[PDB]
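Shown next, in structure tokens, is the structure this report addresses.
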Amino acid sequence: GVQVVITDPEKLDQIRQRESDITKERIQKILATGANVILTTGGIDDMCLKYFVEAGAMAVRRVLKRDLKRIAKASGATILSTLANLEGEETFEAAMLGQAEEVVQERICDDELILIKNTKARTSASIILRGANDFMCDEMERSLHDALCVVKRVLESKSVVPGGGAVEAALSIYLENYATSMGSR
Amino acid sequence: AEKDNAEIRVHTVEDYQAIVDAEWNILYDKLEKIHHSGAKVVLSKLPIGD
Amino acid sequence: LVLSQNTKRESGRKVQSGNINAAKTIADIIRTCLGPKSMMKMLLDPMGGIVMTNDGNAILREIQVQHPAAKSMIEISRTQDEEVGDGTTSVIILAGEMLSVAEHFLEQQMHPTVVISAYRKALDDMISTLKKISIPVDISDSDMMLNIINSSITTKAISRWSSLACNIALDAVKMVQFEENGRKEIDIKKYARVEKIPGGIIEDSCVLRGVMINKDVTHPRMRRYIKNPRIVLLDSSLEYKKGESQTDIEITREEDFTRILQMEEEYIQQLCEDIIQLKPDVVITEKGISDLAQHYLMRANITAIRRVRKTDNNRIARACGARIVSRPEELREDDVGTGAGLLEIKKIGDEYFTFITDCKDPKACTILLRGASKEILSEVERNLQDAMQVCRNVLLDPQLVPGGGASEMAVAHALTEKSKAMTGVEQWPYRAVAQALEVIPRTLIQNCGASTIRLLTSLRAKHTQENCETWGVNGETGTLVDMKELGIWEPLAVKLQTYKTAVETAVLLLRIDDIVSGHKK
Amino acid sequence: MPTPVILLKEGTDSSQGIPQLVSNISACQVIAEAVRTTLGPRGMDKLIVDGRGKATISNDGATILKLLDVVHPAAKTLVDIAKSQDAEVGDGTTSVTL
Amino acid sequence: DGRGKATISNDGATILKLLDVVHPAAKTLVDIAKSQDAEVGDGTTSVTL
Amino acid sequence: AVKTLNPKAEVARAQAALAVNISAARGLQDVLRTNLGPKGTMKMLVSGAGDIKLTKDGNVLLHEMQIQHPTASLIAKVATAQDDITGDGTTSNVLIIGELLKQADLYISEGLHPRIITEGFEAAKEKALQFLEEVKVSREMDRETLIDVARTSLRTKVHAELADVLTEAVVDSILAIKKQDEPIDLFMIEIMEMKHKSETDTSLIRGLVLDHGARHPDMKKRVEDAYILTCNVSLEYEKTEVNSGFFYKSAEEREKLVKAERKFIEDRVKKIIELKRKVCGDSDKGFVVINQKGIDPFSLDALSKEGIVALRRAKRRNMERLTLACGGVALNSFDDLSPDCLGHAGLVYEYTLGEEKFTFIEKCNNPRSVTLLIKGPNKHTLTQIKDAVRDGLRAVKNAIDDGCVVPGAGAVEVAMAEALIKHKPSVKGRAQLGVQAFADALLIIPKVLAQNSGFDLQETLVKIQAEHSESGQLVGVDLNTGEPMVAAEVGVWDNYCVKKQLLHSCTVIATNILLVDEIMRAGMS
Amino acid sequence: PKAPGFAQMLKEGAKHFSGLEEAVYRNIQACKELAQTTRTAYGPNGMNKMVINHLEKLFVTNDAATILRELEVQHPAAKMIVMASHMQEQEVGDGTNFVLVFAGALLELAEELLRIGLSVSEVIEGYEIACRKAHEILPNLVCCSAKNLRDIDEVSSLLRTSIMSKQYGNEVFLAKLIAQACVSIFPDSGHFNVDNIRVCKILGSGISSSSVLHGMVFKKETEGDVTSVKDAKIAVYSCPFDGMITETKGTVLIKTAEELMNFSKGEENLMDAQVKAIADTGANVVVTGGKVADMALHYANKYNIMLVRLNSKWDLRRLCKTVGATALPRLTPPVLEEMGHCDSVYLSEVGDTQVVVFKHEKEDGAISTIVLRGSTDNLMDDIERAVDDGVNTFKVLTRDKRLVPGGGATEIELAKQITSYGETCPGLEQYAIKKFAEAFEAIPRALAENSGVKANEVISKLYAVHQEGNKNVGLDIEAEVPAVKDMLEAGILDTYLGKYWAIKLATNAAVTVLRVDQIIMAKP
Amino acid sequence: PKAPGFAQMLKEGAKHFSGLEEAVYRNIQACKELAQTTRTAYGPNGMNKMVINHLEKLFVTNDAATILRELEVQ
């Protein structure tokens with residue numbers, strides 16, 4: 001709610017000055033670490049963009065939270081909701097950084113998507129689909145999601161069942177025989 | 001009631017007391033002027049304080 | 001009531017036949033549009049304008065449908081166009097005829113899935129065969145590139161302007177290569193802006209080694225002509241701005257009001273001398289410009305242009321090599337607009353324009369299209385889009401294929417041999433695909449207007465001869481012509497994506513067997 | 001403005017195959033349930049009133065089916081069997097339908 | 001009036017004011033009624049007659 | 001066919017939609033053909049709003065007569081482009097299109113596939129363009145030449161007398177415009193109209209006219225010798241962009257803050273006053289101020305007390321025009337102000353008409369910007385004569401731009417006819433048919449001229465179709481006797497740019513239109 | 001049946017007109033409709049008219065321009081001639097009547113030639129040449145070049161023509177009052193501006209009692225007393241008469257107790273000081289259009305100051321001109337030099353209407369006002385319209401000079417001269433010029449029809465007596481003698497400029513309307 | 001928009017078919033419709049059929065002629 005009230009006009013200019021210099025120094029603290037790639041679900045302003053260009057780093061905005069969490073898990077970077085420390089001063093540490101061999105935006109279907117290859121901390125896997133229409137592509141991604149589900153089940157439970165309906169093939173007769181045991185209705 | 005519209009700022013509580021006292025002193029001053037005038041009948045276009 | 005209350009359903013062979021009918025109709029409404037002999041199609045848009053173009057993609061994009069599979073085909077066409085530019089002159093036709101022969105095996109009670117597997121094998125063999133019958137070609141050699149472009153465009157209205165079109169496309173594409181990827185630089189087709197200005201003639205249109213800005217000088221004094229300008233890109237507004245943090249002021253002494261009024265003036269000045277410290281010549285911004293800053297820049301003899309679209313800003317920056325800047329105090333001489341061979345502001349007639357030409361090594365460029373009227377110009381620019389797209393595809397792959405249906409016939413007899421060596425139930429679908437391929441040259445023939453049956457037979461019989469695979473169909477003569485001397489060549493990736501999407505269309509449609517309406521969500 | 005030419009009349013209903021057949025079976029079962037209770041030494045009779053308001057009770061199933069004016073085609077065959085057995089041998093028309 | 005408020009009058013000008021005249025020529029007469037009412041008084045009646 | 005895809009959609013087919021297009025073009029050309037030719041009859045249009053036009057320039061008709069046939073809208077767009085380039089021949093363009101398509105139908109109806117006639121048109125356009133280039137008459141910027149060109153353009157639009165009056169004005173303007181390399185037709189050409197006293201009395205004014213007047217009584221109406229101050233910075237009050245509502249405690253401080261608030265504008269006006277008094281120490285000279293923004297009433301009082309004329313809120317090109325008129329230095333910051341930045345006029349006064357007010361700037365030493373003050377008895381006639389003025393201006397601009405000029409009255413067209421018909425089937429043969437048709441269609445201009453002028457078409461065309469001898473001249477059609485005429489001698493011309501542009505545009509339009517087969521309509525509900 | 005063909009579907013529903021059929025018949029018919037509409041209009045024997053607008057407001061009228069303004073018309077060339085006459089009125093005054101009659105006659109006679117097959121363009125040529133010849137011959141008809149600047153008698157006699165034209169009953173009174181108005185106004189802001197005269201409407205006390213004041217008037221209340229001083233000192237203030245409120249949101253603030261007392265007291269004291277300073281310069285009367293503070297008027301009453309209220313910008317401008325004192329946006333400086341000076345100012349009652357009067361005597365020149373008295377406000381509208389038309393007439397007179405003999409006599413001479421030039425024309429246009437000359441008989445014709453005497457032999461006798469050069473003799477107004485009258489002695493004159501301009505505008509309207517052949521009309 | 005042209009208004013509301021499009025597609029499609037209609041008809045393994053007329057009368061049938069008689073075709 002912090003209203004800014006002026007009784008000495010001599011300072012409005014400096015006020016406005018730091019209103020951006022705060023972000024400027026935050027950015028400079030980030031970059032002095034030597035980080036060349038930054039991601040942010042939150043907004044990214046042109047002020048930061050031009051600074052990054054002058055630094056030549058990598059910047060991405062409005063990324064979904066799950067994706068960046070996966071990024072941290074893969075590259076070994078640390079999700080950072082803000083800059084802070086056990087002491088009040090806002091600092092940033094290279095130890096927070098994650099790694100991956102090469103990061104490229106590439107044009108697939110005249111739309112540029114961003115790739116991250118071979119994070120050293122933890123190997124990650126992503127799959128790109130190519131197809132004719134959006135209908136076939138999203139139905140096949142549903143299919144692939146089912147694929148990953150069943151393979152996960154297989155790995156989690158080291159146990160398999162013969163497919164093609166052998167299940168009830170056996171079950172019908174086995175239960176048929178077991179039925180007479182009960183003797184009831 | 002409908003005189004000039006003004007915000008007021010007062011640090012000392014005693015000054016806030018003085019402020020309310022001074023408002024009522026405004027009205028009392030007006031009334032004293034009226035009485036010491038020596039008249040007994042007063043008419044007003046505008047509303048009269050109780 | 002059980003299911004959904006006013007949701008229809010339909011099942012089985014009826015559904016399959018209906019989808020096949022829809023696909024066949026979709027193909028049919030375009031079968032006339034292909035070939036150098038092609039027709040010219042024009043559209044009535046919903047909201048008043050007129051659109052005329054041969055390019056199938058736009059034709060279909062201006063179609064709404066009710067049957068779903070038609071919509072699927074529409075999307076397929078738009079995808080192929082996006083990826084490759086043309087071939088959509090043929091892709092949907094091929095898909096439709098593919099399906100039409102495909103249905104003939106449905107009443108064979110042949111279940112779809114096995115036919116699908118046959119199609120997949122067919123695609124594999126077709127890809128292999130086409131790769132076997134490619135020709136690698138140099139990319140630097142200009143006139144072969146021009147020949148390729150002429151080949152890929154001599155189907156639409158720009159044919160008679162082939163020389164200009166090919167020179168335009170070659171110039172534009174060649175000079176767009178962001179070498180910052182090491183030896184893996186990528187060209188992009190969103191910096192190759194296209195500007196449609198009426199009047200003049202096609203012959204007047206030319207490649208401008210720079211950018212076009214549909215704006216004007218803000219004040220009379222700035223010179224409209226400069227040899228070696230220096231350019232500064234101000235992304236930020238150049239004027240006094242809202243204190244973003246809902247600031248307020250409570251003045252008490254008289255001088256204070258006039259003083260704060262002077263303060264914004266002073267801030268404007270500060271920005272001004274910060275700019276002029278770099279000895280620029282040109283000021284560009286996407287935002288507004290204060291007339292007071294305009295005054296100061298005028299006093300410095302500096303040209304200023306205001307409120308230009310962000311993409312236009314990016315293109316200008318790529319033109320004069322400078323980089324955009326949002327902080328005047330942080331301006332660097334590294335972003336000085338060096339590399340502008342000439343700054344000028346002409347009159348096209350009732351409108352000023354901005355010319356920035358003769359860059360040292362311009363990487364961005366916009367094409368100046370000057371023709372008869374906006375709709376013909378739009379047709380021209382669509383054709384240019386297709387041409388420059390296939391040119392970039394070549395610069396990604398130096399492999400070429402003989403078109404004119406020749407490759408199609410090669411694939412045809414190749415699959416025929418594979419089939420007669422490939423006994424089984426799937427054999428019939430395989431050769432069915434082979435025969436379905438034959439219709440591209442067929443359509444060429446009808447659009448020419450010659451004896452389709454005898455010509456096609458002569459073609460196929462000719463192409464049983466192993467010694468020649470370059471025999472194709474001339475557009476105008478309607479006679480068998482070996483493609484080499486005729487020279488109608490196409491990039492390999494084009495025809496690759498063509499068949500590839502085609503068989504994808506086939507599988508996607510053939511798996512469909514039922515319809516459900518009214519989701520209401 | 002041409003239009004596609006239809007095959008049969010507008011609204012000509014058609015339904016082919018296994019769904020059609022199973023629908024017919026279900027309809028026959030529905031007809032059965034209208035008569036299922038009827039036969040038996042402890043069996044049953046129904047009351048059906050026409051649109052004219054004249055009441056009519058019956059235990060013989062064939063009479064009931066005559067009163068239940070069936071619209072669905074397949075069940076008309078069953079009701080016709082009811083008439084046949086009624087003209088031939090008598091009760092068990094109920095049983096015939098079951 | 002249409003609002004239900006009664007109004008009796010003997011001065012003719014008041015009455016003519018109440019009788020909202022639509023016909024044009026008579027509007028002149030009613031205006032004369034206003035004129036005489038503002039000028040000299042009764043006989044506005046007589047004026048109209 | 002697409003009906004199965006979509007029921008509510010609509011299509012034609014090849015023969016059908018081709019007939020649709022040719023019929024629509026033929027109807028459009030029938031509507032328009034009454035216009036071209038000085039003997040032509042201009043048209044009055046009435047908008048649904050009750051407004052009124054009385055034009056002849058076809059572009060107005062097409063843009064303002066609402067039509068639904070698609071090709072009609074297409075042709076309207078191409079004509080609009082044409083008008084944005086040159087000004088007349090829009091009529092000629094649409095007539096060419098319609099009649100060329102007519103001949104095209106005559107031939108295709110004989111079973112000729114259109115593409116053949118397309119190619120014939122291409123070759124014919126090439127040869128015609130070559131001939132047009134070689135035939136253009138290179139003429140210098142003689143005043144009488146421009147006069148004749150303007151008269152030829154103008155007599156298309158108005159009274160002969162009105163065009164005669166206006167021609168001198170337009171040519172004097174254009175002569176007084178050029179900086180020998182580049183006219184721009186915008187700044188130096190001020191087009192204003194006053195509902196006043198005549199249509200004839202419209203005349204060039206050597207200076208600039210402004211569309212507003214003084215806002216105070218003490219404002220002097222007339223100024224003998226004027227010094228001009230061109231500016232746009234506000235002399236009205238304004239409050240800073242940042243919220244600055246302030247407080248005070250004594251009622252005297254209320255007045256003090258009022259004075260302070262005014263003080264900044266007080267400084268602004270005082271700088272101007274001091275400049276005046278420094279420069280206009282003499283009594284006679286007059287000081288006038290033009291502001292693109294407003295002027296405060298208190299500022300009005302201040303300037304009046306010094307007897308200074310000031311005007312507020314002029315259109316943003318007016319300062320350009322003042323710069324090119326009185327050479328004043330358009331400035332913003334009054335802080336950096338000098339006598340050298342002033343502008344000088346020989347005379348400035350105010351003219352009051354109706355309720356509006358007007359301002360005159362007079363007797364610039366070397367004016368480079370002027371005003372075609374349009375006097376009009378009637379509002380519609382103002383618009384009509386204004387369109388005529390713009391037509392003439394653009395025509396003269398093309399004339400000066402291209403060092404050549406084409407003889408008028410369609411002599412170019414009979415020349416194209418005789419040249420094109422003088423092409424043996426050096427073409428591939430079947431294209432000779434299309435070439436024949438194109439040459440035939442070219443002859444429309446003389447045809448419509450004669451028809452509008454009443455003479456019998458065929459016999460006049462045959463008569464003029466007499467290239468005389470080795471000196472087979474470019475022969476125009478007389479517009480009052482229907483007899484062969486040497487256009488160059490009688491001085492009836494037109495811009496090469498016009499003919500070249502119309503030929504190219506019509507060729508492209510026609511070759512595109514003849515290549516459509518069906519006109520479909522499938523859009524969202 | 002039921003299905004003819006269209007070869008052009010270009011229109012989405014609209015009117016296409018073509019084939020000269022509209023020019024030959026329909027457009028001409030519309031013009032004749034207007035001609036019949038206001039044929040009764042012009043004439044001393046012309047009788048008045050009333051019309052109600054689309055918003056049901058009465059308009060008693062004799063002027064043609066006003067009545068045309070109240071008929072919302074749709075045929076286009078009807079609008080052509082309408083707005084032509086409208087601008088003519090904007091230029092000269094009366095003549096709207098004249099020009100519409102001219103247009104009707106010229107159109108009607110032109111269509112006859114068009115029917116007899118004359119070329120439309122040739123009709124144009126003939127009409128133009130005839131109009132130009134008439135312009136050439138007109139100055140040769142001027143008589144009685146009345147030159148007296150500021151006499152009352154000459155100008156009264158002159159303005160009698162227009163007043164008599166648009167009001168036949170009350171020539172003497174209106175003549176004398178408007179003449180008093182004209183002489184009272186000198187060249188002060190430049191050559192007797194029409195705007196320098198103001199008109200007020202006050203019902204009751206019939207027309208004969210209407211009067212003129214050498215000052216200017218207000219129908220507004222008063223706030224203090226009602227006094228006049230033979231040396232009345234007037235102060236003018238565009239700013240509202242109150243303490244100058246900052247435009248910025250200025251909220252007065254306090255910090256300690258005594259601020260309230262001192263702030264209210266100081267407000268009182270400084271309003272008192274301001275108004276006192278105003279009184280110190282002796283100004284006894286103050287005017288403003290802005291809001292009046294109650295404190296201010298209270299102090300004014302204490303100091304015996306007069307107040308005037310709610311004036312609009314134009315009103316205070318008028319008052320500024322009347323007293324010649326400059327309005328002051330700053331409330332403070334009642335400067336001596338720019339301070340008011342009036343003979344007398346007071347409040348009076350007329351027609352149960354509070355009236356503020358600035359009764360004046362000004363040698364240097366003042367913008368006076370006329371007071372209109374009588375019963376019917378509609379008659380006020382008519383009579384004030386006529387008076388303003390007369391004022392315009394006097395202004396045009398002052399523009400240059402040269403009264404011309406009215407009563408049609410001038411126009412009969414025009415007809416004779418134009419015809420005579422006609423037989424020396426020869427060429428197919430001879431019929432055009434002859435018909436144009438014939439057209440001028442419309443005016444005397446109209447005077448006859450509104451006079452109700454047999455027009456034809458009146459015109460014949462007029463011709464005959466005009467065969468002897470009696471250019472001053474014209475149509476009488478008398479049933480006993482439906483023959484003739486000599487205009488010059490009767491003083492029935494009118495202005496050169498008015499006739500010249502009416503003729504030229506009528507010519508322009510005609511040449512425009514005849515010219516267009518086919519019409520296009522989008523749906524309204 | 002909303003207004004293409006007709007070069008022939010000869011019809012008061014009717015269907016004009018032309019261009020071989022009907023012969024190539026629509027007529028053939030109708031014939032195939034009939035073919036599918038009674039493809040199941042013939043055959044010892046052909047199974048019977050029922051149809052109700054426009055007047056709601058049952059017709060169990062295997063014969064093709066009878067069933068065609070009961071479909072009122074256009």
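Ordered as shown in the structure tokens, chains take letters A, B, and onward, while each chain numbers its residues from 1 and ligands are numbered from 1 in the order shown.
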**Message:** Excluding segment 16-33 of chain H and its own-chain neighbours fewer than 3 positions away, which residues fall within 7 Å of it when counting only C-alpha atoms? Please give them as a list in words.
**Reply:** residues 2 and 7 of chain D; 36 and 37 of chain H
**Item:** All residues 9 Å or closer to segment 44-56 of chain D, only C-alpha atoms, same chain fewer than 6 positions away omitted, as a ChimeraX atom specification
**Value:** /D:34-38,64,67-68
**Message:** For a quick test of understanding: name the residues of chain C lying within 10 Å of chain D when counting only C-alpha atoms, and present them as JSON, numbers by chain.
**Reply:** {"C": [10, 11, 12, 14]}
**Contact residues around residue 7 of chain H with only C-alpha atoms at 9 Å, ignoring same-chain residues under 5 positions, as a PyMOL selection string** = chain F and resi 16-17+19-20+23
**Message:** Based on only C-alpha atoms, which of the residues in chain E come within 10 Å of chain G? I want them as a list in words.
**Reply:** residues 22, 24, 25, 27, 28, 29, 30, 31, 32, 33, 34, 35, 36, 37, 38, 39 and 40 of chain E
**Message:** For residue 28 of chain C, find every residue with an atom within 8 Å (counting only C-alpha atoms), except residues of its own chain fewer than 4 positions away, and show them as a PyMOL selection string.
**Reply:** chain C and resi 24+32+93
Any chance you can output those residues with N, CA and C atoms as a short mmCIF file (atom, residue, chain, number, x, y, z; two decimals), in the first residue's frame?
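Final file, part_28.cif:
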```
data_model
loop_
_atom_site.label_atom_id
_atom_site.label_comp_id
_atom_site.auth_asym_id
_atom_site.auth_seq_id
_atom_site.Cartn_x
_atom_site.Cartn_y
_atom_site.Cartn_z
N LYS C 24 -13.33 -37.23 -50.95
CA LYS C 24 -13.34 -37.15 -52.40
C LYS C 24 -13.82 -35.79 -52.86
N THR C 32 -8.91 -28.94 -60.24
CA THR C 32 -8.63 -28.10 -61.39
C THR C 32 -7.51 -27.11 -61.12
N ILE C 93 -5.25 -33.31 -53.16
CA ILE C 93 -5.69 -34.12 -54.29
C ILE C 93 -5.16 -35.53 -54.16
#
```
**Prompt:** Any idea what's packed within 10 Å of residue 14 of chain E, counting only C-alpha atoms, ignoring anything in its chain fewer than 3 positions away? Could you give it as an MDAnalysis selection string?
**Reply:** chainID E and resid 7:11 17:19 30 33:34 37 44:45
Compute the set of chain A residues within 12 Å of chain F, using only C-alpha atoms, and express it as an mmCIF file with N, CA and C atoms, in the first residue's frame.
```cif
data_model
loop_
_atom_site.group_PDB
_atom_site.id
_atom_site.type_symbol
_atom_site.label_atom_id
_atom_site.label_comp_id
_atom_site.auth_asym_id
_atom_site.auth_seq_id
_atom_site.Cartn_x
_atom_site.Cartn_y
_atom_site.Cartn_z
ATOM 1 N N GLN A 3 2.136 4.411 -0.109
ATOM 2 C CA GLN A 3 2.039 5.672 -0.811
ATOM 3 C C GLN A 3 3.351 6.428 -0.689
ATOM 4 N N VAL A 4 3.715 7.119 -1.759
ATOM 5 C CA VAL A 4 4.914 7.938 -1.785
ATOM 6 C C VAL A 4 4.474 9.387 -1.765
ATOM 7 N N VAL A 5 4.898 10.115 -0.741
ATOM 8 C CA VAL A 5 4.498 11.498 -0.535
ATOM 9 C C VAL A 5 5.740 12.364 -0.631
ATOM 10 N N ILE A 6 5.636 13.466 -1.360
ATOM 11 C CA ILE A 6 6.765 14.350 -1.600
ATOM 12 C C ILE A 6 6.493 15.677 -0.918
ATOM 13 N N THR A 7 7.386 16.065 -0.014
ATOM 14 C CA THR A 7 7.434 17.427 0.489
ATOM 15 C C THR A 7 8.675 18.168 0.028
ATOM 16 N N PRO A 9 10.594 18.342 -3.461
ATOM 17 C CA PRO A 9 10.567 17.838 -4.840
ATOM 18 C C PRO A 9 11.914 17.407 -5.372
ATOM 19 N N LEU A 12 12.328 13.382 -6.481
ATOM 20 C CA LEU A 12 11.457 12.576 -7.324
ATOM 21 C C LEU A 12 12.256 11.854 -8.398
ATOM 22 N N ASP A 13 13.200 12.573 -9.000
ATOM 23 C CA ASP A 13 14.017 11.994 -10.056
ATOM 24 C C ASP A 13 14.807 10.796 -9.550
ATOM 25 N N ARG A 16 12.438 7.773 -8.946
ATOM 26 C CA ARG A 16 12.202 7.048 -10.187
ATOM 27 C C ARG A 16 13.440 6.283 -10.621
#
```
**Request:** Taking only C-alpha atoms into account, report as an MDAnalysis selection string which residues of chain C lie within 8 Å of chain F.
**Result:** chainID C and resid 22 25:26 29 39:46 50 62:67 70 157 198:201 220 240:243 247:255 257:258 260:261 291:292 295 347 349:350 371:375
**Selection: 9 Å around residue 96 of chain A, only C-alpha atoms, excl. self and same-chain fewer than 4 positions, as an NGL selection string** = :A and (76-80 or 92)
